[PDB]
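When reading the values below, keep in mind they use all heavy atoms of this one structure, side chains included, and skip hydrogens, waters and symmetry mates. So you know, we letter chains A, B, ... as the sequences are listed, proteins then strands, and number each from 1.
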Amino acid sequence: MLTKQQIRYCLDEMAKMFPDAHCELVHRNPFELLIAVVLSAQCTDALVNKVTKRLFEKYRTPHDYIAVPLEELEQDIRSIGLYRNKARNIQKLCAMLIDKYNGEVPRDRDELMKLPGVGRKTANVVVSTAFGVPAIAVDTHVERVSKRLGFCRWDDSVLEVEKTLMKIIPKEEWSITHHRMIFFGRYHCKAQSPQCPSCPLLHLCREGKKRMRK
DNA sequence: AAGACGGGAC
DNA sequence: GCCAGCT
Ligand code: SF4
Ligand code: NA
């Protein structure tokens, strides 16, 4: 594992490759963000944006979603994949907003997790992006990056990764940091073929060196 | 707690 | 013919 100073180093380095890193899910309000992320599970942001482009014009409120039969909503998000559970989740999710959350989107991370299709990662993205509540959402790109660079053990839970990062990054930079990591991994340290050869972090990256040899 | 859910880049 | 998080 890397020292805290080296992880701070690494992050700072990522903050130079991606100064304007941000959430790529296109949204206009917390409600649209929430649906977007839910639709995100095991799916590219690019594709989600492609679909919500039209989806968010037909549906704009929790009442709009629960007004149509499951079938319809399913076809509206057919391209996404996992559209059955997602369609059922969204409708139930919208019902809850109405029944227990005064028709709005709750700003409490744990509360969000009560929503179907909304896990910790999803809940963290929402509080942080929509509500400014510092939080580190650990997703495929954050987990991989953390593990290859040695931010943590190759065997830690996403939760352990989250706690690890929280211990390091100042509360004030969790969100932005998280975003830079996503970018660093989505666009550089890519799962399929990482750009190790030109990686500013190859010098302290066990995964890079290992990949360079092989 | 493994398994089930279901367009794009090689 | 691997990559993008509830029961
Ligand atoms: S060296 Fe390679 S594997 Fe390590 S962070 Fe850079 S691109 Fe990722
Ligand atoms: Na949930």
Side-chain angles (χ1 to χ4, degrees), chain A residues 18 21-27 30 32-49 51-52 54-56 70-87 89-91 93-97 105-106 109-130 135-149 152 154 156-159 161-166 174-175 178-189 191 194 196-197 207 211:
Chain A
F18 311 109
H22 57 285
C23 183
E24 312 216 76
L25 290 171
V26 179
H27 60 289
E32 282 187 347
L33 177 66
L34 176 47
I35 302 309
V37 185
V38 175
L39 288 171
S40 92
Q42 291 300 73
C43 186
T44 66
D45 286 354
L47 175 49
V48 177
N49 301 324
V51 174
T52 71
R54 54 169 167 296
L55 183 88
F56 286 169
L70 190 44
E71 254 61 72
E72 182 169 348
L73 170 50
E74 292 196 354
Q75 299 317 304
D76 283 344
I77 66 172
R78 171 204 180 301
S79 281
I80 306 302
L82 308 186
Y83 62 103
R84 292 194 169 79
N85 294 313
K86 280 169 176 169
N89 286 163
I90 291 170
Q91 301 200 308
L93 166 158
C94 290
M96 300 206 219
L97 295 188
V105 172
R109 200 289 303 298
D110 283 17
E111 284 306 329
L112 291 165
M113 292 177 64
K114 291 196 200 317
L115 299 180
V118 175
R120 176 155 181 150
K121 177 277 196 158
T122 296
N124 281 350
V125 166
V126 183
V127 299
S128 157
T129 297
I136 304 174
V138 181
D139 46 45
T140 190
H141 293 297
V142 184
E143 185 188 6
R144 186 178 65 247
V145 170
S146 296
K147 294 181 169 190
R148 284 167 166 188
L149 240 18
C152 64
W154 262 102
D156 295 332
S157 62
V158 299
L159 187 284
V161 177
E162 196 175 324
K163 292 202 288 198
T164 292
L165 301 187
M166 293 208 280
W174 289 358
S175 302
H178 151 196
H179 284 158
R180 289 163 183 163
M181 287 181 93
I182 273 181
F183 270 55
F184 182 79
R186 177 180 296 153
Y187 299 110
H188 185 82
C189 175
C196 314
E207 186 63 9
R211 274 174 176 279

In this structure, how many angstroms lie between the [atom2] atom of [N] and the [atom1] atom of [X], rounded?
X        : N     : atom1 : atom2 : value
A/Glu162 : C/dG5 : CD    : P     : 14 Å
A/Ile182 : C/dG5 : CD1   : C1'   : 12 Å
A/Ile80  : B/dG8 : CD1   : P     : 11 Å
A/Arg144 : C/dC2 : CZ    : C1'   : 12 Å
A/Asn49  : B/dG7 : CG    : P     : 16 Å
A/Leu39  : C/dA4 : CG    : P     : 18 Å
A/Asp45  : C/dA4 : CG    : P     : 11 Å
A/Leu47  : B/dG6 : CG    : P     : 14 Å

State which residues pass side chain to side chain donor-acceptor pair (under 3.5 Å) with A/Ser128; sequence neighbours excluded, sorted by chain then number.
->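 Checked A/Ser128 against side chain to side chain donor-acceptor pair (under 3.5 Å); matches are A/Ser175.
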Please name all residues satisfying side chain to side chain donor-acceptor pair (under 3.5 Å) with A/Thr122, sequence neighbours left out, ordered by chain then number.
->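 Testing A/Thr122 for side chain to side chain donor-acceptor pair (under 3.5 Å), a comparison that skips the adjacent residues, returns none.
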Just to confirm, is there a sub-4.0 Å distance from OP1 or OP2 of [N] to any side-chain nitrogen or oxygen of [X]?
X        : N     : result
A/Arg186 : C/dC3 : no
A/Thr44  : B/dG8 : no
A/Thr122 : C/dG5 : no

Using the [atom1] atoms only, state how far [M] lies from [N], rounded to an integer number of Å.
N     : M     : atom1 : result
B/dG3 : C/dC2 : P     : 15 Å
B/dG7 : C/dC6 : P     : 24 Å
B/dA9 : C/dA4 : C1'   : 11 Å

Side-chain donor or acceptor of [X] paired with backbone N/O of [Y] under 3.5 Å:
X        : Y        : value
A/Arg144 : A/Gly185 : yes
A/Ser146 : A/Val142 : yes
A/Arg148 : A/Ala191 : yes

How would you list, by chain and number, every residue that makes a side chain to side chain contact (heavy atoms under 4.5 Å, CB included) with [X], sequence neighbours excluded?
X        : result
A/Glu24  : A/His22, A/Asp45, A/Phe183, A/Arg186, A/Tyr187
A/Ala41  : A/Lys86
A/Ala137 : A/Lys121, A/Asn124, A/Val125, A/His178

Quick one: CD1 on A/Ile90 to CG on A/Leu115, what's the gap to the nearest 0.5 Å?
->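 Output value for this atom pair is 11.5 Å.
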To the side chain of A/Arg78, which of C/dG5, B/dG7, C/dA4 is closest?
->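 Closest of the options to the side chain of A/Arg78: B/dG7.
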Given C/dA4, C/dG5, B/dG7, which nucleotide is nearest the side-chain atoms of A/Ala41?
->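 Nearest listed nucleotide: C/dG5.
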Mind checking what makes salt bridge (charged side-chain N to carboxylate O under 4.0 Å, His left out) contact with A/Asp139, not counting sequence neighbours?
->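 In terms of salt bridge (charged side-chain N to carboxylate O under 4.0 Å, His left out), with neighbours along the sequence ignored, A/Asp139 is linked to no residue.
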All N/O contacts under 3.5 Å from nucleotides 1-5 of chain B to the protein, with atom names and distances to one decimal?
{"from": "B/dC5", "atom 1": "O3'", "to": "A/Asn85", "atom 2": "ND2", "distance (Å)": "3.1"}

With both pairing distances under 3.5 angstrom for Watson-Crick or G-U wobble, and | for a partner in another strand, the correct string for DNA chain C is |||.|||
Indicate, with a heavy-atom threshold strictly under 4.0 Å, whether A/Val125 touches base, sugar-phosphate, or nothing.
->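 If one applies the 4.0 Å heavy-atom cut-off, A/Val125 turns out to touch nothing in the nucleic acid.
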